[PDB]
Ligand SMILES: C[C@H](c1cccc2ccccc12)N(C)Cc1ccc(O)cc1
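This document opens with one chain alone, in structure tokens, the form deposited without the ligand.
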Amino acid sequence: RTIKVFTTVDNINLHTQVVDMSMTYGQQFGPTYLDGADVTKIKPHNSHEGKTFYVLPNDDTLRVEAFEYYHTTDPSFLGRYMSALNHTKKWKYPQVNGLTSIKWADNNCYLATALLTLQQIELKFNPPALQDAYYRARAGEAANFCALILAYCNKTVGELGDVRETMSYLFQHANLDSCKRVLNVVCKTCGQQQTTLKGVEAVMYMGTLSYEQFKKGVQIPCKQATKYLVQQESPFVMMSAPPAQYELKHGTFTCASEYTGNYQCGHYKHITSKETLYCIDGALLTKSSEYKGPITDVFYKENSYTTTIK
């Protein structure tokens, strides 16, 4: 006695199947999932009739569809995505001041901070899987998008996390090709040193948080040199620096990432500049005319910059 169901790797190309009720899913399909739940070792139930089941690439049709949708060969990917998903579908994604956040759960403050930021910067993912989920995230269905993020960064639920690290991995799969930065390092001894970055390395800097400062001058070892921004072409810039007490002034930035705690007691909050300043702490929300605290990331809007130096 057999029933009718669907298998897929992308949840777009559905493949029609007739499962033997006695035999388990695993026997027939190998690794098999039902909205994250690993159903490899259980046997086809009745309620399953005409439901969609994620399976592993175990033929050429599914090996293509997978790579086409996910832009990855890693045969562990689905496993960890489905694992991640099984948890993230039980997380709460409340609307907070227009934005999909996450109620705090499983040290996920860094995923929340990522998710709030991604809704406020111009960006387009190269993988369909990521672009699709990024749309349905902004809507309010951000479970999938989170699972994919955890998957793409090889993180697991409960694992501690870094916003800046996560943004980096995600910007690999963003279309940032036409983004461009030009930096110049002036020592009176060793002369000049200019660099021309494209892609991810064009938008991210680790050293200071103030973008205005980054244009004027920044002191570094070669004794000391002067680093400044020559040309920036990108829709945003991310300015990261080791967490330090810093005053955020309204409307001088897009959003920021706060980090209290030191080791495994570390917590990210998200600050966003709107009509006034809002601090998004998962499901909780504060307002002030100005903000002071340990900031580690700051995002700034940009179109085209050129410096008035030499």
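Heads up: residue numbers just count along the shown sequence, starting at 1. Only residues modelled in both forms are compared. Superpose the two forms; the largest set of C-alphas matching within 1.5 Å is the rigid core.
The protein also exists as the form deposited with the ligand bound; that form is not presented, and the subsequent description refers to it.
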**Message:** Looking at heavy atoms inside 4.5 Å, which stretch does the ligand contact in the deposited bound form, given the options 139-147, 89-97, 229-237, 159-167?
**Reply:** 159-167
**Prompt:** Going by a heavy atom distance of 4.5 Å, is residue 155 a contact of the ligand in the deposited bound form?
**Reply:** yes
**Request:** Spell out, yes or no, whether the shortest heavy atom distance between residue 262 and the ligand in the deposited bound form is within 4.5 Å.
**Result:** yes
**Prompt:** Closest heavy atom of residue 251 to the ligand in the deposited bound form, within 4.5 Å or not?
**Reply:** no
**Request:** Could you confirm whether residue 243 comes within 4.5 Å of the ligand in the deposited bound form, counting heavy atoms only?
**Result:** yes
**Message:** Taking the ligand in the deposited bound form, would 206, 268 and 296 all count as contacting it (heavy atom within 4.5 Å)?
**Reply:** yes
**Prompt:** residue 264: CA shift of at least 2 Å between the shown form and the other one after core fit?
**Reply:** yes
**Request:** After fitting on the rigid core, list every run of 3 or more consecutive residues where each C-alpha shifts 2 Å or more between the shown form and the other one, in sequence order.
**Result:** 263-265
